[PDB]
Structure formats: C-alpha cells, structure tokens
There are 4 protein chains.
Amino acid sequence: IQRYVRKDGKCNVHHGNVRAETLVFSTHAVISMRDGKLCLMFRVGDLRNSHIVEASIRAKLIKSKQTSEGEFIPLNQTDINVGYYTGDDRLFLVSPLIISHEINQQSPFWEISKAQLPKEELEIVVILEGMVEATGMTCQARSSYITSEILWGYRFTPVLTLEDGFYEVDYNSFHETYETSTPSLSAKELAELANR
Amino acid sequence: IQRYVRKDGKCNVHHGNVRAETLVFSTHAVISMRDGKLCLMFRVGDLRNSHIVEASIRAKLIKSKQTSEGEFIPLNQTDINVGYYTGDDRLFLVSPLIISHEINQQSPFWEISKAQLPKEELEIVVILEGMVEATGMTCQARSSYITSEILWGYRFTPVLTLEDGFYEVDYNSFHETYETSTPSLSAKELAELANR
Amino acid sequence: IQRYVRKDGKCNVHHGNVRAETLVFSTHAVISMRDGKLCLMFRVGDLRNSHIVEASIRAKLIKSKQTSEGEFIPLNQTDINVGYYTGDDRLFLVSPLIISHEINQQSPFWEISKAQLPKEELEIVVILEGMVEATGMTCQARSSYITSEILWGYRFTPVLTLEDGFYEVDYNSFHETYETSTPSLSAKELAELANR
Amino acid sequence: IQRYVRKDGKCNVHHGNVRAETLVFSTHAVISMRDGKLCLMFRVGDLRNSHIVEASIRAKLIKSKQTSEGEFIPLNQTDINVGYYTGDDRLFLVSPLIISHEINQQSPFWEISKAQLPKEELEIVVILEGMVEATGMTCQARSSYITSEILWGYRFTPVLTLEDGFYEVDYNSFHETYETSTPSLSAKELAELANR
Ligand SMILES: [Ba+2]
C-alpha cells in the first residue's frame with residue numbers, strides 16, 4: 001500500500017510540487033445515486049502549489065420565493081447542506097474533491113424531479129474559504145451553477161491515478177462527467193415509493 | 001435567466017464596482033409571518049466596494065432579569081437564534097439581506113404579544129463579523145434595536161432590481177418598511193390556538 | 001430607557017474610553033441555583049480600552065482518572081459546557097460577564113455535593129479567545145480555579161450601574177461575592193429527589 | 001494539590017520554558033477499551049516553547065470505495081469523530097495529549113475486528129490547526145497512520161510527571177506504548193453480544 005500523506009505531513013501528490021494561481025470548481029454539477037440516496041455533487045479543485053488550511057466549503061441556494069403570506073423574496077438565500085453537521089465541510093484539499101449534498105427532506109431539491117428541474121428558476125453559489133499556507137492570508141473562491149448547468153443522472157469522471165509512489169491528477173478529466181442509470185423521480189417521490 | 005454570480009466568482013451587482021466605508025443595518029426591525037411562523041427580521045447591508053469573507057451574524061438579547069431565586073441580573077445577555085444551527089448565519093453578503101429569527105418556543109419573544117411589546121424593557125444587539133477581502137483584516141460592525149424601534153406587523157420593502165444584466169440596489173428603500181396583516185397574539189398564543 | 005449600545009455601534013460603557021492592559025477573570029468561582037438549576041459560574045472581565053471580536057469562552061476540566069479497565073490518565077481533560085451548543089459561548093464582551101455552566105447529567109459535577117467538593121482533586125481551566133480590535137491580532141487569556149477556590153452556595157455581586165446616560169463598572173466589586181441559601185445536595189441528588 | 005495552570009494564566013509545565021521547532025504526533029496509533037467503549041487513539045504533542053491558540057484537531061479517513069451503484073471512489077475521504085460534537089476537538093495543548101475516537105455505530109471502524117484490520121486498505125490523516133501565539137500566524141501540522149501502523153489492543157504509556165511544583169514530559173515515552181487485555185471482536189460484534 002502506497003501512502004497518500006507521509007509521516008512527516010508532506011503529501012504524495014503532484015510529483016515535484018513546491019508546497020497567483022486560482023482554484024477551480026467544475027463547470028457543471030451532477031445529480032445521481034450514492035448508496036441509495038440521491039445526491040447533488042460538484043467538484044472542487046485544489047491549488048497546485050500550496051495547501052489551504054482551515055479550508056471549508058458551503059453552498060447557498062439563490063431562488064426568489066413567495067411566502068404563504070404573499071411576501072415575495074427576490075433571490076432569497078438558503079444554506080445547502082454539504083457536511084456542516086459532521087465536519088465533512090471541513091476539507092483536506094490536496095487533490096480535486098467531489099463535494100456531495102444528499103438530497104433529503106431538508107434539502108431544497110427534495111421535490112424536484114428530472115423533468116421538474118429544467119423548469120425551476122434557481123442558482124447554486126459555491127464558496128470555498130481557507131487560509132493559503134504560503135500567503136498567510138484568508139482566501140475566498142466562488143462559483144455558480146444555474147439550472148441548465150446541473151446535469152441530472154450523471155457522475156464525475158475520476159481524475160486520480162497512482163504512478164511511481166506519487167499520485168497524479170489528470171486535470172483534463174477535471175470537468176468531464178459521464179452518464180449512469182438514474183431514476184427520474186424526485187427524491188420525495190423515490191422516498192414515498194420505497195415506503196411501501 | 002440572468003445570473004447573480006458568474007462562473008469565475010465575480011458577482012453581478014452594483015454595475016462598475018471595484019471588488020473607509022461603513023456597513024449599515026436597518027434603523028428599525030420588524031415582526032411578521034413567514035410561512036405561518038412569526039418572525040423578527042432586521043436588514044443588514046453590504047459593502048459597496050468589497051466582499052466580506054467568513055461573514056457571520058449573531059444577535060444578543062439584553063434584558064435585565066430576576067432568577068426565581070431572587071438573583072437580579074442587570075442587562076443579562078442571551079443568544080438570539082438567527083441561523084446558527086443550520087449555517088444560515090454564515091452570510092454571503094453581496095446585497096442587503098433580511099436576517100430572520102423565527103420566534104419559537106426557544107426564542108425570548110415566545111410570550112410577547114403586540115400589546116405586550118411596547119411595555120417590555122429590552123434591546124437587541126446585532127453583530128456582524130467578517131474579514132474585509134481588500135483590507136485583509138477582521139472587521140466587526142454593531143447595531144441596536146430598542147423596544148420602540150421594533151415595528152410589529154410590518155415587512156421590509158424590497159430593494160433589489162435587475163437592470164441590463166446587472167442587479168442594482170435602491171439604497172433609499174434600505175430602511176423603508178410597509179405594513180401587512182399580522183395577528184396581534186403572541187407566538188405562544190398563536191401556537192396554543194392552532195393546537196386545537 | 002437608556003441604551004447599552006448606540007445605533008452606530010458605539011457602546012455606552014466606561015464614560016470617555018477610547019475604543020498592554022490584560023483581561024481578568026474573577027479569582028474564585030461560585031455554585032448556586034438559577035431558575036431551579038444548579039450552576040457553576042465565574043466572572044470574566046472586559047478590556048477597558050478595546051473590544052474583542054470573535055470573542056469566545058471555553059473551559060476544560062483537569063482531573064486525573066482511571067478507566068474501568070485500569071488505564072490511569074494523569075490530568076485528563078474534558079470540555080465543560082458553557083454555551084457551545086447555543087452560541088452563548090460567543091461573547092459580546094463590553095462589560096464583565098458572569099459565565100454559567102449548568103450542572104446537568106452531562107456535566108462532570110453532576111455527582112458532586114457540597115461536602116463532596118472539597119475532597120475532589122480537580123482544576124478548571126478557563127480560556128478566552130478573541131481578536132483585539134485595535135491590535136489586529138488573536139489573543140488568548142487563561143485562568144484557573146482549584147477546588148478550594150470554588151465557593152459552594154455563593155453568588156456574584158453585581159458591578160453594573162447606570163450613571164448619566166453611561167454605564168459604569170465598579171471594578172472593586174469584580175471579584176467580590178456574597179452568600180445565598182443553597183441546597184447542599186448534589187445536582188444528581190436534587191434531581192432524583194424532585195423526581196417523586 | 002499542585003496546580004497545572006496558575007491564576008495569571010502561565011502554565012506549570014517544562015520548567016524554564018519561554019512561552020522553528022515542529023510538532024509531533026505519535027508514530028503509531030492504538031485501539032483499546034475505555035470505560036467499556038472501544039477506542040482508537042493517537043498521541044498529539046505540544047510545542048516546547050509556545051502555546052497554540054484556537055487549537056483544534058480533526059481526522060480524515062482515506063479509503064477507496066464503491067457505492068452500491070458501482071461508482072468507485074479512489075481515496076474517498078470521510079470525517080472521523082474526535083470531539084467535534086462536544087468541543088473536545090478544541091484542544092488546550094500544553095502537554096502531549098491522547099486524542100480518542102470512540103468507535104461507535106457512526107464510526108468507520110464499527111465493523112472492523114482485530115483480524116479484519118490488517119486486511120483493510122486504509123489511512124488516517126491527522127490534522128492539527130492553530131495559531132502559534134509567538135508567531136502570530138495560522139499553522140497546520142499533519143500526520144498519517146496506515147493499517148500496519150495501528151496497533152490493536154495497546155495503550156499509550158504516560159509521559160506526565162510532577163516534579164518540584166512543575167510538571168515534566170519524558171519525551172522518550174512519547175511514542176512508546178504497552179499491551180493490555182483487549183477483546184478481538186469488532187465494535188459492532190461487541191455491541192450485539194452485550195445486547196443479550
Ligand atoms: Ba479565524
């Protein structure tokens with residue numbers, strides 16, 4: 001077994017790195033099953049020449065809404081769960097990671113099917129926050145996924161390969177995704193159906 | 001659909017901004033229903049020429065009290081829930097936001113009606129904390145709402161409009177509020193009544 | 001009603017302050033009832049000439065212990081709950097505050113009576129952490145309470161008084177405490193007794 | 001009773017310290033019972049000549065996996081619970097500490113027995129994060145434990161001794177461990193067995 005991180009803390013990625021260049025999120029996001037739960041996932045990249053300490057990820061849902069009392073909220077924000085409750089939003093970014101938001105009863109996508117999706121008017125803001133080790137300072141990097149940019153029933157291509165006691169990232173594959181069998185029911189719908 | 005945040009992370013607000021000037025909270029706060037829950041809301045502004053990273057909001061209730069054992073606490077503090085449990089207190093401040101505190105059993109306003117309000121001796125301290133991107137440093141901004149400054153049964157006027165592929169903020173409307181039909185019972189009272 | 005914090009964020013404490021000097025905890029800590037719950041409380045002071053942003057408080061229990069399997073832990077640490085779950089450990093330090101730890105089933109003092117106390121071999125480490133506004137940097141301040149320094153059945157004297165539209169702190173009273181009727185049973189004991 | 005931390009905040013460790021040198025984790029990690037729960041523990045050292053403020057610890061499990069739907073995740077990460085929920089991951093590092101992760105239903109080691117262990121292909125990444133008081137800046141220190149480096153049924157040797165009103169650390173013992181009677185069943189197995 002070849003290690004990912006060595007005893008002294010130095011990682012075994014990007015052979016001959018030196019741990020501005022900017023961080024990248026995948027251009028699209030995907031939705032598909034993982035151990036029987038429907039998930040939304042987007043890929044967040046790393047920085048080729050330094051770690052990001054106290055790194056964390058969050059997401060906001062931007063969607064205008066009307067409260068049952070007629071109050072209309074343009075571009076309302078609501079937090080999307082991507083690990084906050086278990087500290088899985090506290091990232092160890094040393095290679096591109098697939099962030100996953102399980103679509104459960106408390107997710108805003110709970111009632112959105114595949115057909116329902118391209119009709120909805122919404123945007124997901126993805127915000128990475130950490131301290132650039134080398135730089136000393138607090139960075140923030142943002143990106144955005146609009147409806148048309150969320151691909152139902154796809155999955156992210158892997159980019160990680162072990163080569164000669166070092167792990168290397170084929171950054172070409174970063175944004176690439178492939179298709180997989182995926183039900184077109186809504187999370188909610190899937191849940192009711194399984195519940196009988 | 002015109003985006004709020006572009007793929008590269010640059011927002012589409014305040015056409016031709018350059019992302020000291022000071023942040024502003026609304027002068028008053030309002031109380032009114034949102035999807036059948038009574039809420040207290042105050043508006044928190046943004047900074048016209050920079051983001052605030054790791055931005056977060058909290059509120060303290062200042063009200064002198066007497067413990068059942070006679071211990072009198074002058075200006076006692078207790079935390080007001082404004083998203084802490086779900087990370088909705090972690091703000092993405094790129095335009096004035098309405099912060100909302102749902103008045104539930106664990107809120108201090110649970111037993112305060114409309115008539116009861118102007119009688120109570122209390123103050124809400126609102127504290128924004130984040131890192132000014134441009135400046136590098138940790139800022140804090142504070143404000144305060146006393147009883148007379150909490151308007152029962154009102155709502156905040158919207159200030160957000162889409163113009164020419166950019167969203168613009170009519171800062172005149174920032175502090176302005178309007179009236180809406182709102183029961184004058186206390187949260188607690190409303191709850192009991194609905195519970196039968 | 002005279003405000004504690006003004007609309008522009010400036011507080012109304014310490015008339016003519018300018019918002020190194022060091023922060024002070026009370027020399028002793030006290031234990032006594034608050035709304036029918038037994039509490040341990042110590043007082044944490046403020047800094048006369050600046051705020052402390054992102055201020056937070058925590059406490060550690062240092063007590064050597066033996067695991068049921070004979071493993072002996074010298075000076076074992078375990079966290080004492082002082083608001084962590086509700087964000088009441090996130091302080092708004094603009095005048096000396098009484099920090100309170102409710103002694104419940106999950107507290108380490110759950111089974112410690114008044115008589116039992118002076119026999120136990122333990123220490124409470126109190127750690128304040130925040131960013132000194134003026135200084136720019138992250139401070140930490142520590143103190144410690146050993147058994148003999150925890151006064152059962154006392155309460156903290158108030159130090160806060162309103163004078164001429166400003167609130168002033170009689171720093172003489174800071175460490176002073178007085179006595180109050182307080183049962184000498186353990187929290188656990190009190191609980192069982194009330195439970196019948 | 002000789003104190004660990006003095007009233008003024010100065011600790012009573014490392015007689016004549018001055019509160020780069022690098023922090024050290026133990027070379028191995030151990031698994032063994034503590035009050036009837038099976039735990040995984042590794043030791044994290046302190047820094048001989050300065051405190052680490054806002055110090056915190058986290059751990060990641062790196063293990064490649066296949067989702068029930070065939071999606072294969074190379075070097076998947078998942079957070080290991082080491083105090084996050086109760087703030088026991090917020091460390092008071094003034095002498096080497098044994099960090100403990102209780103192996104419960106939500107731990108990834110729930111179904112891993114002693115025999116099962118050396119077969120599994122996994123790695124634990126341990127990440128300390130804090131602010132070096134003297135330095136002003138945010139540090140991160142990392143280490144790693146692979147299967148062969150996790151010793152089933154051992155415990156950490158104590159290194160802490162009281163000498164002349166000061167506590168001293170025999171840094172020789174730091175990495176040393178000894179054996180203890182320890183069941184070779186999996187946590188899960190132990191649980192089922194006790195549940196009847
Ligand atoms: Ba920080």
# chains A, B, ... in the order shown; residues from 1 in each chain; ligands from 1
>>> residues_near_ligand(ligand="ligand 1", cutoff="10 Å", atoms="only C-alpha atoms and all ligand atoms", output="list in words")
residues 54, 130, 131 and 138 of chain A; 54, 130, 131 and 138 of chain B; 54, 130, 131 and 138 of chain C; 54, 130, 131 and 138 of chain D
>>> interface_residues(of="chain A", to="chain D", cutoff="9 Å", atoms="only C-alpha atoms", output="number ranges by chain")
A: 1, 3-10, 33-36, 53-54, 85-88, 90, 92, 97, 131, 133, 136, 155, 158, 160-161, 181
>>> residues_around(residues="residue 49 of chain D", least_positions_apart="5", cutoff="7 Å", atoms="only C-alpha atoms", output="list in words")
residues 17, 18 and 19 of chain D
>>> select_by_dssp(residues="segment 58-175 of chain B", states="helix (DSSP H, G or I)", output="mmCIF file with N, CA and C atoms, in the first residue's frame")
data_model
loop_
_atom_site.group_PDB
_atom_site.id
_atom_site.type_symbol
_atom_site.label_atom_id
_atom_site.label_comp_id
_atom_site.auth_asym_id
_atom_site.auth_seq_id
_atom_site.Cartn_x
_atom_site.Cartn_y
_atom_site.Cartn_z
ATOM 1 N N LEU B 117 -45.423 44.046 23.849
ATOM 2 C CA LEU B 117 -44.146 44.512 23.330
ATOM 3 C C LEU B 117 -43.739 45.874 23.864
ATOM 4 N N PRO B 118 -44.543 46.918 23.599
ATOM 5 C CA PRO B 118 -44.037 48.248 23.951
ATOM 6 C C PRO B 118 -43.861 48.427 25.451
ATOM 7 N N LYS B 119 -44.297 47.447 26.227
ATOM 8 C CA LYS B 119 -44.162 47.522 27.666
ATOM 9 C C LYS B 119 -42.815 46.959 28.132
ATOM 10 N N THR B 147 -37.015 48.514 22.170
ATOM 11 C CA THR B 147 -38.432 48.200 22.005
ATOM 12 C C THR B 147 -39.105 49.136 21.005
ATOM 13 N N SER B 148 -39.113 50.430 21.300
ATOM 14 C CA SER B 148 -39.746 51.399 20.413
ATOM 15 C C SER B 148 -39.303 51.309 18.942
ATOM 16 N N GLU B 149 -38.220 50.585 18.678
ATOM 17 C CA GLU B 149 -37.674 50.509 17.336
ATOM 18 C C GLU B 149 -37.983 49.194 16.666
#
>>> residues_around(residues="residue 186 of chain D", least_positions_apart="2", cutoff="12 Å", atoms="only C-alpha atoms", output="VMD selection string")
chain D and resid 31 to 33 37 to 39 103 to 105 107 to 117 152 to 153 182 to 184 188 to 193
>>> atom_distance(atom1="atom CA of residue 157 of chain C", atom2="atom CA of residue 11 of chain C")
22.6 Å
>>> atom_distance(atom1="atom CA of residue 172 of chain C", atom2="atom CA of residue 44 of chain C")
14.0 Å
